[PDB]
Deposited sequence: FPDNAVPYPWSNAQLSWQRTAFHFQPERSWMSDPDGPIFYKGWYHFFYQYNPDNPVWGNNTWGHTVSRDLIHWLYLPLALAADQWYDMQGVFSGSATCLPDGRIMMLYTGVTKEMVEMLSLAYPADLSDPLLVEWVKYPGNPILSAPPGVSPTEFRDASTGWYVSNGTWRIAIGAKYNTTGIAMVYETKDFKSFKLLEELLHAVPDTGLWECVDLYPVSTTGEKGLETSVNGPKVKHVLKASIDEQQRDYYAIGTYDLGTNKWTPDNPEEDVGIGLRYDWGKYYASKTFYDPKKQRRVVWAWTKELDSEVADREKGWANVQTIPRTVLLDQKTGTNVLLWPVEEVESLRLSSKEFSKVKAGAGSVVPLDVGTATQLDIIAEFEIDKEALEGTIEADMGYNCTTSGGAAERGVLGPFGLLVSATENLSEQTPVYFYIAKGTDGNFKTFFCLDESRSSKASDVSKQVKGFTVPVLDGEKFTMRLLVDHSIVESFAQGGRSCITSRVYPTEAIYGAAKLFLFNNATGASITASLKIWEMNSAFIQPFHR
């Protein structure tokens, strides 16, 4: 347990990530774009920087970056949600109505579906929210435990006025997605056919079903279906606390979602992000025609420090989701382009050489609010999770960057590539020496990333105080983590290009932008 100082703790607050004024924040709730505003809701504890007393916080922005706080949307003030207003999604009907479905928890820990809607649809800020007088609207079916009945998805249209929603759950150890039909969002009929099921995964929370285009570069409206359309099915795997997705096809007539590759099904395949990244939710953005993904990153320090600093957890910069057309077997996640409006000034590092076992300093000034874009070239079984990080030297790795580093390398956070034997390219983030404090996470995170002939090894890094977001090969693989250094803070945080390979030297070109505050404050 580290004697954290006020100066060390205040430094952890983010400059441009969404974060409430104080206290605990969790799952993204009912993201929508309505009347010129991006709407974001989130699990929020009014009382303490720990999970509990769940309410829905509410915030708005013109651009998905410059957020403005609004009053609480939903409180724990009805018998059916007295134990908490858990997560939920929004469906926007063609008549202009917004239906917000959420799970409310009773004093007996019973989870039941409820309906909320705006008190005034003419208000673009959607400040006030009303709970349907006839709540609660749906309780667990005979095969599902009433204490584990959660997370209604955004609905998709069938025909004749009927919509479909997904509620994840489990049969014994099999993860499942149930589908309910409705016409009025007040009565729900359980379909006999499950959306999909995968053995040995466990509880599926926060289930997401959405379509992706195979030809374009735009997101698809949630109800879009066809023979040229593929469907991503995503679930939060409760037992692991990590989000998994799979690429497949969905048939309206059958209601079955079928994976493109059974060996990479939901829960046993790929993730949006290989780091700390949970309860991810997507919404369709009509203005720029994107599908955007929200996900929260938990603190990786001690609860003692969380209580000391008075706040816990952040949301990541929202990302676009698009099908990787060059592989056909993964998605591409990339920060929304509006993050670039935070860029103040740039510095370029052209063709910087880094020999075997070397470390090259990159003078950028302050290295705590950065947007880094780098390309790597190599001049003329492994597993990130069980590797020794940047210390484990190989013939063609590890090489990459050192963020949140100290002058004398006493604290460092490597984000790196590793080429192992055909070639498997690994992308990892190494926490093992991030901080001199022992009451923080020290794991090494990462996975393989596809690298195609003719491509340079590229990485993007978003450095924002206590949170780093990393992107390999244009977003084929992402790693989000938290850092809590004791010395590598304020002016003392440095950036390094590093090569700890033995067999080769690397040549990197970089560009580094300093990043402004998102100026997240209350609404005017």
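- Missing C-alpha coordinates mark the following deposited-sequence intervals, in order: 1-6, 387-397, 439-442, 546.
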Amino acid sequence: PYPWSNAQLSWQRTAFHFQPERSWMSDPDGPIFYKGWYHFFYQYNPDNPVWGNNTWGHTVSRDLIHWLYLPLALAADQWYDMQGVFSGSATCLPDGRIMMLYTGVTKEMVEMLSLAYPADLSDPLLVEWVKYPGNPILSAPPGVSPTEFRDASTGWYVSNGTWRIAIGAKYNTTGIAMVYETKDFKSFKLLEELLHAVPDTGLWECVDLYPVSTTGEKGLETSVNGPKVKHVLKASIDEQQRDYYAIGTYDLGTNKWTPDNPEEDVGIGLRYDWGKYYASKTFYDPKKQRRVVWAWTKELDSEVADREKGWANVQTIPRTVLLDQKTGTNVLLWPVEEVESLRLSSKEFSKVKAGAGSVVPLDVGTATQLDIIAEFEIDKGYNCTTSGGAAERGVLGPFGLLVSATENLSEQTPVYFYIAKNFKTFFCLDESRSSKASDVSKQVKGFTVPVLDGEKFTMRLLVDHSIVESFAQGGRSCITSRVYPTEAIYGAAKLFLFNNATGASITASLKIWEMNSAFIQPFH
From here on, numbers count along this sequence of modelled residues.
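- Here the stretch with the larger average CA B-factor, out of 474-482 and 455-463, is 455-463.
- The deposited model assigns a higher average Cα B-factor to 429-437 than to the other stretch when 429-437 and 319-327 are compared.
- Based on the entry's C-alpha B-factors, the most elevated value among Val292, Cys384, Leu300, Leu125 belongs to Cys384.
- Remark: of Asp273, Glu205, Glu111, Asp363, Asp363 shows the highest value [criterion: C-alpha B-factor in the PDB entry].
- Among all modelled residues in its chain, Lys131 ranks in the lowest third by Cα B-factor.
- Placement of the Cα temperature factor of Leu396 within the chain: highest third of the modelled residues, per the deposited record.
- The entry lists a Cα temperature factor for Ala508 that places it in the highest third of the chain's modelled residues.
- Ranked by Cα temperature factor within the chain, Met25 sits in the lowest third according to the deposited record.
- Among the modelled residues of its chain, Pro450 has a C-alpha B-factor that falls in the highest third according to the deposited record.
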